[PDB]
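S.K.: Mind having a look at this structure? Questions to follow.
In the authors' numbering, the protein residues as written are 3337 to 3491, 3512 to 3576.
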């Protein structure tokens, strides 16, 4: 149960590593199907550097750009918002790619979700047409953001029994080797005395045998 059965955690584990590659995978396929995201993620790719560059150098961008840029880098885990800061992240050696690869499951429901929508999505100056005019770059982003936040909003009791079987058999075996001390220690005091009784038998053989000898002489 510890070498043949206990090994099941390697057989019943074929799920934690196999079926796991099915969890994230399954949501990935149906993620690139509901137009919404695709429709935008395709416009996020076709973005000239002529646009993303000028914005990077901009010192004080117009609100319609500030919001668009703040919302995107914010969803990437960047709780930051200060322009001076989010500016650098605009041309990081992974940012432009960190968009289309946005895991639609990292859309933190508590804040990230209810924030991007109540903090940008529904803003008088955060509309598709409005932003696009300020820059054809940060423009498609609101089309991607309104695709992520808007979309995502529409998406263990058997193995633990192995800890009850593996443990009951590991603990049980833990008392069987401790019981050996009950037989070896028991025999410990046995071998010491079983030996002494032998000392007498041997030593007595002399006194008794030697007497049959001496008695033979005295009698004669």
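Note that beta-carbon positions come from the ideal geometry of N, C-alpha and C, so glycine has one too.
Just the Cα atoms here: how many angstroms apart are residue 3402 and residue 3345?
M.R.: If you number the chain shown from 1, residue 3402 lands on position 66. If you number the chain shown from 1, residue 3345 lands on position 9. One Cα belongs to residue 3402, the other to residue 3345, and the distance between them is close to 53 Å.
S.K.: To the nearest angstrom, how far is the alpha carbon of residue 3347 from that of residue 3341?
M.R.: Along the chain shown, one-based indexing puts residue 3347 at 11. Along the chain shown, one-based indexing puts residue 3341 at 5. Roughly 10 Å between the two C-alpha positions.
S.K.: Whole angstroms are fine: how far does the CA of residue 3514 sit from the CA of residue 3396?
M.R.: Numbered from 1 along the chain shown, position 60 holds the residue referred to as residue 3396. Numbered from 1 along the chain shown, position 158 holds the residue referred to as residue 3514. In a straight line, the C-alpha of residue 3396 is about 58 Å away from that of residue 3514.
S.K.: For residue 3370, which of helix, strand or coil comes out of DSSP?
M.R.: Here residue 3370 refers to the residue found at position 34 when the chain shown is read from its first residue. DSSP places residue 3370 in coil when its eight states are reduced to three.
S.K.: Can you check whether the CB of residue 3488 is closer than 7 Å to the CB of residue 3443?
M.R.: Within the chain shown, numbered from 1, the residue matching residue 3443 stands at position 107. Within the chain shown, numbered from 1, the residue matching residue 3488 stands at position 152. Contact: yes.
S.K.: Indicate the three-state DSSP secondary structure (helix, strand or coil) for residue 3462 in the structure shown.
M.R.: Looking up residue 3462 in the chain shown gives position 126. Residue state, collapsed to three classes: coil.
S.K.: Identify, in the order they occur along the chain, each residue of the same chain with its Cβ nearer than 7 Å to the Cβ of residue 3474, setting aside the five sequence neighbours on each side.
M.R.: Taking the first residue of the chain shown as 1, we reach residue 3474 at position 138. Only 3391, 3401, 3404, 3405 and 3467 meet the Cβ criterion.
S.K.: Which whole-angstrom value is the C-beta distance of residue 3408 and residue 3436, which I expect to be below 8 Å?
M.R.: Here residue 3408 is taken as the residue at index 72 of the chain shown, counted from 1. Here residue 3436 is taken as the residue at index 100 of the chain shown, counted from 1. Actually they do not touch by this definition, with Cβ atoms about 12 Å apart.
S.K.: Along the chain, where does the alpha helix (DSSP H) containing residue 3430 start, and where does it finish?
M.R.: Numbered from its first residue, the chain shown carries residue 3430 at position 94. Note, residue 3430: premise wrong, no alpha helix (DSSP H); not H, not E.
S.K.: Roughly how many angstroms lie between the CA atoms of residue 3367 and residue 3439, to the nearest whole one?
M.R.: On the chain shown, residue 3367 is found 31 positions in, with the first residue counted as 1. On the chain shown, residue 3439 is found 103 positions in, with the first residue counted as 1. Roughly 9 Å between the two C-alpha positions.
S.K.: Apart from the five residues just before and just after residue 3412, which ones in its own chain have a Cβ nearer than 6 Å to its Cβ?
M.R.: Indexing the chain shown from 1 puts residue 3412 at position 76. Answer for residue 3412: 3434, listed in chain order.
S.K.: May I ask which residues mark the beginning and end of the alpha helix (DSSP H) holding residue 3388?
M.R.: Counting from one through the chain shown, the residue named residue 3388 turns up at place 52. Start and end: 3385-3393.
S.K.: Which word fits residue 3381, buried or exposed, when buried means at least 16 other C-beta atoms lie within 10 angstroms of its C-beta?
M.R.: Position 45 of the chain shown holds residue 3381. A residue is called buried once 16 or more other Cβ atoms fall within 10 Å of its Cβ, and residue 3381, having fewer, is exposed.
S.K.: Reducing DSSP to helix, strand and coil, say where residue 3382 ends up.
M.R.: Position 46 of the chain shown, counted from the first residue, corresponds to residue 3382. Coil, per DSSP.
S.K.: Which term fits residue 3477, buried or exposed, when burial requires 16 or more other beta carbons within 10 angstroms of its beta carbon?
M.R.: As a first step, residue 3477 must be located in the chain shown, where it is residue number 141. Burial call: buried.
S.K.: Here's a check: name, in chain order, each residue in its chain whose Cβ is nearer than 7 Å to the Cβ of residue 3370, leaving out the five neighbours to either side.
M.R.: Locating residue 3370 in the chain shown gives position 34, counting from the first residue. Only 3487 meet the Cβ criterion.
S.K.: Per DSSP, what kind of secondary structure is residue 3440 in: helix, strand or coil?
M.R.: For the purposes of this step, residue 3440 is identified with residue 104 of the chain shown, where counting begins at 1. Coil, per DSSP.
S.K.: For residue 3337, report the span of its alpha helix (DSSP H) as first-last.
M.R.: If you number the chain shown from 1, residue 3337 lands on position 1. Taken as a continuous stretch (DSSP letters only), residue 3337 belongs to no alpha helix (DSSP H), as it is neither H nor E.
S.K.: Is the beta carbon of residue 3479 less than 7 Å from the beta carbon of residue 3456?
M.R.: The sequence position of residue 3479 within the chain shown is 143, counting from 1. The sequence position of residue 3456 within the chain shown is 120, counting from 1. Taking 7 Å as the Cβ cut-off, residue 3479 and residue 3456 do not qualify as a contacting pair.
S.K.: Check residue 3418 in the structure and name its three-state DSSP category.
M.R.: Translated into positions along the chain shown, residue 3418 becomes position 82. Residue state, collapsed to three classes: coil.
S.K.: Can you find the residues in the same chain that come closer than 8 Å, C-beta to C-beta, to residue 3525, ignoring five residues on each side of it along the sequence?
M.R.: Reading the chain shown from its first residue, position 169 is the one you call residue 3525. The answer, listed in chain order, is 3337, 3338, 3341 and 3342.
S.K.: Our contact map puts residue 3375 next to residue 3483 with C-beta atoms below 8 Å; I'd like the distance itself, whole angstroms only.
M.R.: Indexing the chain shown from 1 puts residue 3375 at position 39. Indexing the chain shown from 1 puts residue 3483 at position 147. 7 Å between Cβ atoms; contact.
S.K.: With C-beta atoms as the reference, is residue 3470 less than 7 Å away from residue 3398?
M.R.: Here residue 3470 is taken as the residue at index 134 of the chain shown, counted from 1. Here residue 3398 is taken as the residue at index 62 of the chain shown, counted from 1. A distance below 7 Å separates the beta carbons of residue 3470 and residue 3398.
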